[PDB]
Amino acid sequence: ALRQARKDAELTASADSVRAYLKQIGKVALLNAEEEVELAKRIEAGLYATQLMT
DNA sequence: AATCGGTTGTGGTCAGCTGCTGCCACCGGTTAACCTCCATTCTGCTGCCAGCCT
(Lines give C-alpha, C1' and ligand atoms only; values in the text may rest on other atoms or scores of the structure.)
Protein backbone atom coordinates (compact mmCIF):
# COMPACT_ATOMS: atom_id res chain seq x y z
CA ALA A 1 0.00 0.00 0.00
CA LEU A 2 1.10 3.56 0.75
CA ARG A 3 3.07 1.98 3.61
CA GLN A 4 5.07 -0.21 1.21
CA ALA A 5 5.46 2.66 -1.26
CA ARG A 6 6.80 4.77 1.61
CA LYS A 7 9.31 2.13 2.69
CA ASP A 8 10.57 1.32 -0.82
CA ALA A 9 11.27 5.02 -1.31
CA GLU A 10 12.72 5.13 2.21
CA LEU A 11 15.53 2.73 1.28
CA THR A 12 16.94 3.86 -2.08
CA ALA A 13 20.22 4.84 -3.69
CA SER A 14 20.15 8.67 -3.48
CA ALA A 15 23.40 9.11 -5.40
CA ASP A 16 23.57 12.88 -4.72
CA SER A 17 25.39 14.00 -1.60
CA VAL A 18 23.25 17.03 -0.73
CA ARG A 19 20.03 15.04 -1.10
CA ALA A 20 21.50 12.19 0.96
CA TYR A 21 22.43 14.55 3.80
CA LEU A 22 19.03 16.27 3.80
CA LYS A 23 17.22 12.93 3.86
CA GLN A 24 19.43 11.86 6.76
CA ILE A 25 18.88 14.98 8.88
CA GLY A 26 15.14 15.10 8.23
CA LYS A 27 14.59 12.10 10.51
CA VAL A 28 14.63 13.64 14.00
CA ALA A 29 11.88 15.67 15.65
CA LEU A 30 12.27 19.30 16.62
CA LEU A 31 12.45 20.53 20.21
CA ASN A 32 10.58 22.94 22.46
CA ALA A 33 11.94 25.28 25.11
CA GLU A 34 11.49 23.08 28.19
CA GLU A 35 13.07 20.15 26.35
CA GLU A 36 16.07 22.32 25.42
CA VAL A 37 16.32 23.37 29.07
CA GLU A 38 16.30 19.71 30.15
CA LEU A 39 19.04 18.84 27.64
CA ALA A 40 21.20 21.80 28.70
CA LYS A 41 20.84 20.81 32.35
CA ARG A 42 21.87 17.24 31.49
CA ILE A 43 24.93 18.52 29.57
CA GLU A 44 26.08 20.69 32.48
CA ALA A 45 25.49 17.93 35.03
CA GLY A 46 27.48 15.39 33.02
CA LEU A 47 30.31 17.87 32.43
CA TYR A 48 30.65 18.69 36.12
CA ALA A 49 30.42 14.97 36.88
CA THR A 50 33.35 14.04 34.63
CA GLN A 51 35.46 16.93 35.95
CA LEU A 52 34.71 15.80 39.51
CA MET A 53 35.49 12.18 38.65
CA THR A 54 38.87 12.88 37.09
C1' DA B 1 116.62 62.84 -9.34
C1' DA B 2 113.04 58.77 -9.10
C1' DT B 3 110.36 54.40 -7.11
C1' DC B 4 107.93 50.58 -4.57
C1' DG B 5 105.68 50.28 -0.79
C1' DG B 6 104.03 52.33 4.52
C1' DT B 7 101.81 56.19 7.71
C1' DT B 8 98.23 58.79 8.12
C1' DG B 9 95.88 64.12 8.87
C1' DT B 10 91.70 64.63 8.09
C1' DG B 11 87.21 64.85 6.12
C1' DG B 12 83.23 62.69 4.42
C1' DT B 13 80.49 58.41 4.04
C1' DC B 14 77.66 54.72 4.21
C1' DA B 15 75.12 51.36 5.45
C1' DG B 16 74.38 47.90 9.83
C1' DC B 17 72.32 47.08 13.54
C1' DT B 18 70.16 48.94 17.96
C1' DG B 19 66.99 50.70 20.26
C1' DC B 20 63.01 52.59 19.87
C1' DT B 21 58.87 54.27 19.17
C1' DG B 22 55.04 54.26 17.29
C1' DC B 23 51.73 51.91 14.35
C1' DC B 24 49.51 48.82 11.54
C1' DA B 25 48.34 44.21 9.78
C1' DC B 26 46.49 39.77 11.27
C1' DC B 27 44.02 36.50 13.89
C1' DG B 28 40.84 34.88 17.59
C1' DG B 29 36.54 35.49 20.37
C1' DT B 30 31.83 37.54 20.98
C1' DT B 31 27.16 39.24 19.91
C1' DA B 32 21.00 35.99 23.91
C1' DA B 33 12.68 38.89 21.32
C1' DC B 34 11.90 35.34 17.26
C1' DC B 35 11.89 32.28 12.16
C1' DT B 36 14.66 24.78 11.43
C1' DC B 37 15.40 19.74 4.73
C1' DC B 38 18.55 20.87 -2.81
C1' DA B 39 24.61 12.80 -32.37
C1' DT B 40 25.94 8.16 -34.09
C1' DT B 41 27.81 3.52 -33.86
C1' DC B 42 29.92 -0.33 -31.64
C1' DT B 43 30.95 -3.10 -27.58
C1' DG B 44 30.43 -5.10 -23.31
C1' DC B 45 28.17 -5.83 -18.77
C1' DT B 46 24.30 -6.38 -15.63
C1' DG B 47 19.86 -7.29 -14.37
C1' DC B 48 14.68 -9.58 -15.90
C1' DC B 49 11.76 -12.96 -16.53
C1' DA B 50 9.85 -17.21 -18.72
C1' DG B 51 10.58 -22.39 -19.22
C1' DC B 52 11.82 -27.01 -18.77
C1' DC B 53 13.81 -30.49 -14.96
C1' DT B 54 13.91 -33.19 -10.17
Side-chain angles (χ1 to χ4, degrees), chain A residues 1 3-5 7 9-54:
Chain A
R3 273 296 190 180
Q4 205 277 334
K7 302 310 164 272
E10 212 169 35
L11 58 102
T12 39
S14 190
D16 193 15
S17 183
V18 187
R19 190 73 253 175
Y21 183 64
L22 295 186
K23 180 183 185 45
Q24 178 77 11
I25 56 148
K27 282 202 308 177
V28 54
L30 285 179
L31 299 185
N32 41 76
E34 63 271 5
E35 188 60 39
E36 295 171 7
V37 164
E38 185 81 16
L39 289 184
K41 227 184 302 165
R42 288 168 58 192
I43 290 172
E44 295 188 11
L47 196 41
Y48 182 53
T50 168
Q51 158 66 71
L52 205 54
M53 188 59 54
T54 183

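Quick note on labels: first sequence line is chain A, next is B, and so on, each numbered from 1.
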Where does B:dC49 land, syn or anti, once you apply the within-90°-of-0 test for syn? anti

Which ranges of DNA chain B pair up as stems, where a stem means three or more consecutive Watson-Crick or G-U pairs with both distances under 3.5 Å? none

Read from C1'-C2'-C3'-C4', is the pucker at B:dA33 north or south? north

Take the six-membered rings of bases B:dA25 and B:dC26, measure centre-to-centre distance and interplanar angle, and say whether these fall under 5.5 Å and 30° respectively. yes

Report the distance from atom CD of A:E36 to atom CD of A:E34, rounding to the nearest 0.5 Å. 9.0 Å

Find the distance between CG (A:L30) and CD (A:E35) and round it off to the nearest 0.5 Å. 12.0 Å

Answer yes or no: are the six-membered ring centres of B:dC23 and B:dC24 under 5.5 Å apart with planes under 30°? yes

Identify whether the glycosidic angle of B:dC37 places it syn (within 90° of 0) or anti. anti

Can you tell me, in whole Å, how much space there is between the P of B:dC45 and that of B:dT41? 23 Å

I'd like to check the side-chain contact (heavy atoms from CB on, under 4.5 Å) partners of A:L47; sequence neighbours left out, ordered by chain and number. A:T50

Looking only at non-hydrogen atoms, find the nearest pair between A:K23 and A:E10 and report the distance. CE-O, 3.4 Å

In this structure, are B:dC42 and B:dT41 stacked, using the six-membered base rings with centres under 5.5 Å and planes under 30°? yes

Shortest non-hydrogen pair, A:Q51 vs A:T54, comes out as O-CG2, 3.3 Å

Between the protein and nucleotides 34-37 of chain B, list every N/O to N/O distance that falls short of 3.5 Å.
from   : atom 1 : to    : atom 2 : distance (Å)
B:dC37 : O2     : A:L22 : O      : 3.0

Read from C1'-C2'-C3'-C4', is the pucker at B:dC26 north or south? south

